[PDB]
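Understanding the architecture of this molecule
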Amino acid sequence: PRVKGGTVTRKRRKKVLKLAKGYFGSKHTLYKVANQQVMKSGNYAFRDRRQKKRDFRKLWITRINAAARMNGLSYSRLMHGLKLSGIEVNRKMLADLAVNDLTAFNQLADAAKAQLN
Amino acid sequence: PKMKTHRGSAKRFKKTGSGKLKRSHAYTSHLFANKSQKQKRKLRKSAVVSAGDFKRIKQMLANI
Amino acid sequence: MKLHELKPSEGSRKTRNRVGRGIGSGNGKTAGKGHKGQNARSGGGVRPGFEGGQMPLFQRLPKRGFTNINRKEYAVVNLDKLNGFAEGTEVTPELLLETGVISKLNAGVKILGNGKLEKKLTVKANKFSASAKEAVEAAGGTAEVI
Amino acid sequence: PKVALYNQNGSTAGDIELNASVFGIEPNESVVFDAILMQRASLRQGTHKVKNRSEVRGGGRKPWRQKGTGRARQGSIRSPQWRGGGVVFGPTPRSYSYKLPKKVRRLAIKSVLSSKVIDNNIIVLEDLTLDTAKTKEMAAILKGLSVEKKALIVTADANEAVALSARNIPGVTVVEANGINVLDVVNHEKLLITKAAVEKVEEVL
RNA sequence: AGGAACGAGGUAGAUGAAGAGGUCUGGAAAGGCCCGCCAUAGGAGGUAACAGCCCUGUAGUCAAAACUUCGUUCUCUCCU
RNA sequence: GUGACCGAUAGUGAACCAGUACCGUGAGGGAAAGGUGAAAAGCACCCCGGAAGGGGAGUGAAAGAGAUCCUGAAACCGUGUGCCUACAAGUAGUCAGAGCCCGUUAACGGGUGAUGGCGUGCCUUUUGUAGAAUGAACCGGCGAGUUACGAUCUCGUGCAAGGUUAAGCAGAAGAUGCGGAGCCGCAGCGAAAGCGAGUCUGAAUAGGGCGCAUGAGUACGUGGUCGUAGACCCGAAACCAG
RNA sequence: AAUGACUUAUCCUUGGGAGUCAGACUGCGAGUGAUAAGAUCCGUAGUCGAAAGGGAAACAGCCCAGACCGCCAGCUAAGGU
RNA sequence: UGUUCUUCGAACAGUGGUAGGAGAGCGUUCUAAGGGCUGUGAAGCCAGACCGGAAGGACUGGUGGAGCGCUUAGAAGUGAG
């Protein structure tokens, strides 16, 4: 028998175009650029899901460096003090929230001061 | 239609008992003054078709 | 068997391999034939008896004639086939053909001495082997050439 | 197999012992499946045909020359990518017939008869006495044996009163004793078979 | 190497069963529920929406003034 | 009379005034184009307008059903509205992200997003392409591993050292029942005569090659592949006949 | 290549199905060339081809390291503060 | 996904990939089996913030006005950038 196949193609095209909603110009309107933009967005989403894990970490390292340099130490000396003053595994964005809850960061900084000398 | 049998390969080769078809040696019809007797007593004997040749020519002799 | 569930035998049927129906399945664009060769073209391909212009294997080897015009195939009856008659009298090719041991008569019947027999048989055939005749005569049987 | 007899009035006292060689064997599911697929094939005609690239009513010239124009090559007026059609392979008229080996056929019919016996769907009616040619009597007979779904009527001597009747009932198919097959047995799920038909198909198959 | 009648067909037709069943939604029931019939007829197409019992119809019983197509008999013709 | 045949780019070129319109001096080539509603009951009448075309009022189950007239997508063209845009160098996205505006198949909600980080389309062909190498203006439809007959292998089924019948005759052009005519295997070797659990070469009761010894095929079905077929689609320049 | 160990889980035979006969760069060792070439032809190891990620500013082949997916977890390599 | 133990299952190891090989699946049309939705509204079209590992699938609201789906099988004019 003969197979026409009319609806499943248009279903695919509308699924791709609804995935490409909000794009600029013809990239939310025409299928053949929307599919390319959706595939490129998938690669970008995987890559940036990898990259967010480390640029958040570098922002927290910056904030901890600023808060430590308020107290007279650099970042590297503060982290060396935290590994020496007991094995404390206090993670860096909780240490960044500790300056939203000052002066709890200053007490850990004094704990770092205590056994660096 | 039926598969044609390669008549030339039917004239050269011969089926054996599975087989490993039988064949004759080359260099056995001409210029015997330039070949030694030890070559001729071995070329007058029969040989077996090698496996690399067998995987190529076994379709040509399917109908025996 | 119930008709509204017709379950096939496991392994008896297989899905036909779709060729050139997308890249995710495998056998995609190039359809299993590689890139830009003669074997990738439509319609072949070369002959099976072709080595790319090298002189082929059959053309390097001599002919080995010949074929006899009137060759008889006196074949085949072994000694173990005669044990199917219990106890059996008058072993005849006209009887052996309708028994089912011999499928087709080819100009005669030759009885060959592979195996052994243990019974008394009156044996009629066209030719006998030297070991088969002695094996019939050692059991007390009679072998006679038609 | 212990199959109770029926005499379409009582019915009835007594029974008939069918042989175990036909109605008592273990059913082979794959054999009946292959028989069903073999029988469903060759019932279809295969009378489907489309015009190939050579068979379309079209000229052999090319619409434009090979080089010079900024268009495609397009050697034929109606190539498969054109609107003129279109198919290189298509459907072609062919026969779907194939034959199973004979032992598989006998095993299929005996196994489907045994599988109907062990499901207690077999009804035995001796001689099928029918006085008139009316289908009302046959419907009353089918009502008296509590048959509401589809059914077979197997008749050894092929009586005309049985044959002309019950062909207007959509679920009832009257078949001869040697005319039995896999599809009618698997399709109706109940058969009404006479003693003469059983005593025929026991020695036929 | 010429014809006359009997039997079956075609070119054309007739007859041919059974429900306005009641209620509901509907623009219209051929649909749902509860109910009875015909059937050698439940092949199909229409009917205001998916008919078996609405129409044309179908299965069977039949018809042929006039053309032919076969089969049988007779006339006729031929024969050591 | 029937289709595990098509349904308006399909199926005859042609479901429609089709070998028609049109093109060519001629031979010849050769289209596109179906659908209101059950019933025209095809909008009486009023108003704007020269008319076309509208807005009411009617017929209709539906008038967004009103003459290419069932349903009516996308490219394309517009009108409104929520949020951002006139210091900004951007394969136009993604992650983070305040503000503003709404409430969902209530779900770590949806839309828009100032700003920061990262990021040179897709395909083909290539040692190597973002490539300034090729192809695509966009959207929709159509568009390329099929089928017949043989061969080989795997798996499944039936029977097993015996399996299978073809044509044909009966029989819903169906299954099947009859048909063993033939085919393959049941041990081979030798060029052949021939011999045979052996045979050939050879004077050889020696050696060696092939094969049992140490042992499963057959008939169908699916799948992979190969031959004969345009054979995976499209494409020449050319040749021959009338 | 041998027999005594410790690690590993690979290795032959048969049958079915292929693709590949344009390779490039780097390090080492040769030829041709002018011990010129992002040159040509070889042998050897790696990488690319067919490999994303981090570093060499960008830069297939260099250095470090092989991406099933998710996390707003930590420690490190090359390279840096 | 592979191996071992096998005491519902657990442990360990693996899971970049072109050409290519193998396996498991999702969709389209038609047919056979039963069973079931439909004018108290089918297919189709439009929108949604739903579900599944994927091809995909459901449920609501609107348009539409008459067919469609499910099942286990089987065939193919079997999926378009």
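Residues numbered from 1 in each chain as written, not as in the entry; some residues may be left out. Chains lettered and ligands numbered in written order. Part of a larger assembly, values for the part shown. Heavy atoms only, no water.

Structure determination for this PDB entry is given in the record as cryo-EM, at a resolution of 2.99 Å.

What about a positive patch on the surface?
A cluster of like positive charges, contributed by C:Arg16, C:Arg18, C:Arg21, D:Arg40, D:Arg44 and D:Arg94, occupies part of the molecular surface. Note on placement: C:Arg21 falls in the segment before α1 (57-60). (Patch = residues over 30% accessible without salt bridge, like charges linked within 9 Å, V, L, I, M, F, W, Y side chains within 5 Å. Areas by Shrake-Rupley, 256 points an atom, 1.4 Å probe, with all protein chains shown as cover. Salt bridge = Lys/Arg side-chain N within 4 Å of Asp/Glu carboxyl O. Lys, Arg positive; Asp, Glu negative; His and termini not counted. Charge placed at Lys NZ, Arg CZ, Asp CG, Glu CD. Helix = DSSP H or I, 4+ residues; strand = E, 2+ residues; numbered from the N terminus.)

Details of empty space enclosed by the protein
For the structure on display, the rule yields four cavities of 30 Å³ or more. Along its surface, the largest cavity is lined by A:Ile64, A:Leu78, A:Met79, A:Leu82, A:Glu88, A:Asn90, A:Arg91, A:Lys92, A:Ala95, A:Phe105, A:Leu108 and A:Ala109. For the lining of the largest cavity, the secondary structure elements donating two or more residues are α3 (75-84), α4 (92-97) and α5 (104-114) of chain A. Partitioning the lining of the largest cavity into residue classes produces eight nonpolar, one polar and three charged. Estimated volume of the second largest cavity: approximately 70 Å³. Breaking the lining of the second largest cavity down by element, the ones donating at least two residues are α3 (51-57) of chain B together with α1 of chain C. Of the residues belonging to the lining of the second largest cavity, the class tally is eight nonpolar, two polar and two charged. (1 Å grid on protein atoms, 1.4 Å probe; cavity = no way out; pocket = protein on both sides within 12 Å on 5 of 7 lines; lining within 4 Å. Points joined across faces, edges and corners; volume = space filled by probe spheres on them. Nonpolar A, V, L, I, M, F, W, Y, C, P; charged D, E, K, R; others polar.)

Some words on the layout of surface pockets
Here the largest pocket is characterised by a volume of approximately 770 Å³. Taken together, 17 residues make up the lining of the largest pocket; nearest its centre are A:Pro1, A:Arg2, D:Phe89, D:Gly90 and D:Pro91. Its residues assigned to classes, the lining of the largest pocket comprises eight nonpolar, three polar and six charged. Of the pockets and cavities examined, the second largest pocket occupies roughly 470 Å³. What lines the second largest pocket is a set of 15 residues, and nearest its centre among them are B:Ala10, B:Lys11, B:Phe13, B:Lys14 and C:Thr67. Taken together, the residues of the lining of the second largest pocket break down into six nonpolar, three polar and six charged.

Considerations on the protein's contact with RNA strand H
With respect to spatial proximity, 47 residues lie near RNA strand H, and among them A:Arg10, A:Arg12, C:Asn27, C:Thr30 and D:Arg40 are the closest. Sugar and phosphate atoms form 72% of the subset of RNA strand H atoms that lie within 4 Å of the protein. At 2.9 Å, a side-chain N or O of A:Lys11 approaches a phosphate oxygen of RNA strand H. Residue C:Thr30 places a side-chain N or O atom 2.3 Å away from a phosphate oxygen belonging to RNA strand H. For the surface near RNA strand H, the secondary-structure elements that each account for two or more residues are α1 (7-19) and α2 (31-70) of chain A together with α2 (29-40) of chain D. Here the element with the most residues in the surface near RNA strand H is α1(A); it accounts for ten residues. Per-class residue counts for the surface near RNA strand H are 13 nonpolar, 13 polar and 21 charged. (Near = heavy atom within 4 Å. Polar contact = N/O pair within 3.5 Å; in protein donor to acceptor, adjacent residues only side chain to side chain.)

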